[PDB]
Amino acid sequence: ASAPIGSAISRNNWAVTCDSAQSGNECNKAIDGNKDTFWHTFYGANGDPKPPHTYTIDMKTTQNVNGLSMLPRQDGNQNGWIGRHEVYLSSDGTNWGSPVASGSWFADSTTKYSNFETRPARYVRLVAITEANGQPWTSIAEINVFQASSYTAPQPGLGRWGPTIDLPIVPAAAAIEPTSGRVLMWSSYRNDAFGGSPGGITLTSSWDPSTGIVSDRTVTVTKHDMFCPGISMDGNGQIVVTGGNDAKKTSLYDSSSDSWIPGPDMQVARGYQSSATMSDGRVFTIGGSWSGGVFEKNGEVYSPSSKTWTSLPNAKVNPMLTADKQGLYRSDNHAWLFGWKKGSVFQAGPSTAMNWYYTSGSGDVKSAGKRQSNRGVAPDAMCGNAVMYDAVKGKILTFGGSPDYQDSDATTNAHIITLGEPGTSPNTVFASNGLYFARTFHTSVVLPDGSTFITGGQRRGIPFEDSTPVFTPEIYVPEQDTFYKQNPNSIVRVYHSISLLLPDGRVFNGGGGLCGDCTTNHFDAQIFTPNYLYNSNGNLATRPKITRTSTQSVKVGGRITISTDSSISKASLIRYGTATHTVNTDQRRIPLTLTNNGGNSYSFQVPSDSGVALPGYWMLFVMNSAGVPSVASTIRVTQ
């Protein structure tokens, strides 16, 4: 199940309008309180007019609207189930503006929801863009609108939340499709659950930022239920999904052909492991005792060229284990892995002990010292985040998490780790005064300007429960070594939530739950628009445009020349990300040194070390003097 974020508004004085309604299935049958009566558009003798179909409500009075619910027909028939939809709010019933929520609902008879940020309105409109099974009709058994206890206008300069993207699944795992710019998401064998899996199936859903279209696909070709996996984007640009519900499987997503290809089985069966793309384009993985059994799972490496997995038994997992109360089942999970120089992989945590992993021969491991500062030794930070915001300077920001995976208090601990050469112990310091809010199960992304956006989580880790939620996101600004609170949201994002940086510079935050009959399933996502996209007047700022690029494929050490429509002051390369269970080993940022050729013509060199400039797809962002970024131009980097 799921749940609304607000309280049901009294429907006694409501006036409703529908584009069409069959006799016996009147527009008002959707607000009569009878679950067995429904509104249904024209059919039979009246003909079968295709979508869009609309349901408009006049609430007579202004309400602080934060959602709606839609109960479909409960008679066992599927005709009219709403698929793609849009929700609009208004104060006059004439001017509707932009949708406060849009997307698609799953094809079943369960109550569907649209949860969004509070907005005062008198009129509500639900537009059915498509029927769930492509049929011409629209039907609704019961429709309700919800309200918050109050409304507080967002603070100027602290970004904005909205709109909500309604989904047919809980997006517990996600990635940005490089060549299409779409957000790929997946759950498990079911749209709302993972338990009781027969294996061999994954339900996926994609959202296109340019069209707003949500599409789905059931993946069975790879014979893999991709829930709880390791995720990496290889040197060629294929998404390598490993283990999970089907512990020994590897599934490959190809962006260019928009298809899933069967990959080679891993040498060891794993679940909850972290995988990381290397300097040579290969993928390294270690640990992962959630599935496949609880035992010593050392490293192994994937080669995209030969489509093989090879064991690296001497790349020992023992040095990176946390002291989790639940033991090995949890202690080898979600390592903070980063591909580095000469085929090495840095492990920043969650364990206090940081390590260097080597991939030559049968593998090796070397101690990199303990994550610490002048404030003391950092405790184990399970499900804490780690973000490489400046790969050129080897800067990694780590924050949050708890000593144990569950039933443990999260902390405000935050550190800055500075990587040097492989085998050397990196210098580590405390980041500012730490987080404003202690949190675990939170997610994060590095933004074009080098700042790190942190959102969601809870003060005490209790998987599948929406207790002690943190609604206020935080942004770390490196130049000032300061954290800044942003405008809060209204949807709890805890266990099974994700965050990814979109090609337009905004943040996609969603998921949470995936517990079947629980009421904590969140079949949605929200868009966060950072302050850098707004001008002083509170309106969306004019963005600089990249009018031309010399090439879209470059080798490390190579140069790229661009043309713009206006003057730019700064530029950066951000590697496309992947995300699940707080892990994102693909994203990283490279600040660029620009050469002004005169006028609106610029050049830059991609770092020569492929350990810094990890091969694969990257987003090119250019910022003007005001700090407003352009939309991303896609660049492929090779070693």
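Numbering starts at 1 and follows the sequence shown.
- Item | Which of 315 to 323 and 558 to 566 has higher mean CA B factor, as the PDB entry lists it | Result: 558 to 566.
- Mind pulling up the entry and telling me whether 178 to 186 or 81 to 89 has the higher mean Cα temperature factor? Per the PDB entry, the higher value belongs to 178 to 186.
- Message: By the CA temperature factor listed in this entry, which of these ranks top: 291, 526, 331, 149?
- Response: Within the set 291, 526, 331, 149, 149 shows the top C-alpha B-factor.
- Among 279, 519, 139, 351, which residue carries the highest C-alpha B-factor recorded in the PDB entry? Each of 279, 519, 139, 351 was compared by C-alpha B-factor; the highest is 519.
- Message: Per the entry's values, where does residue 44 land by CA temperature factor relative to the rest of its chain, in the lowest, middle or highest third?
- Response: As the PDB entry reports it, the C-alpha B-factor of residue 44 lands in the highest third of its chain.
- Chain-wide C-alpha B factor ranking for residue 38, given as lowest, middle or highest third: It falls in the middle third of the chain.
- Query: Once the chain's modelled residues are ordered by C-alpha B factor and cut into thirds, is residue 14 in the lowest, middle or highest one?
  - Reply: Highest third.
- Consider only the C-alpha atoms of the modelled residues in this chain, order them by B-factor as the entry records it, and name the third containing residue 66: lowest, middle or highest. Tercile = middle for this residue's CA B-factor.
- Ranked by Cα temperature factor within the chain, is residue 122 in the lowest third, the middle third or the highest third? Top third by C-alpha B-factor.
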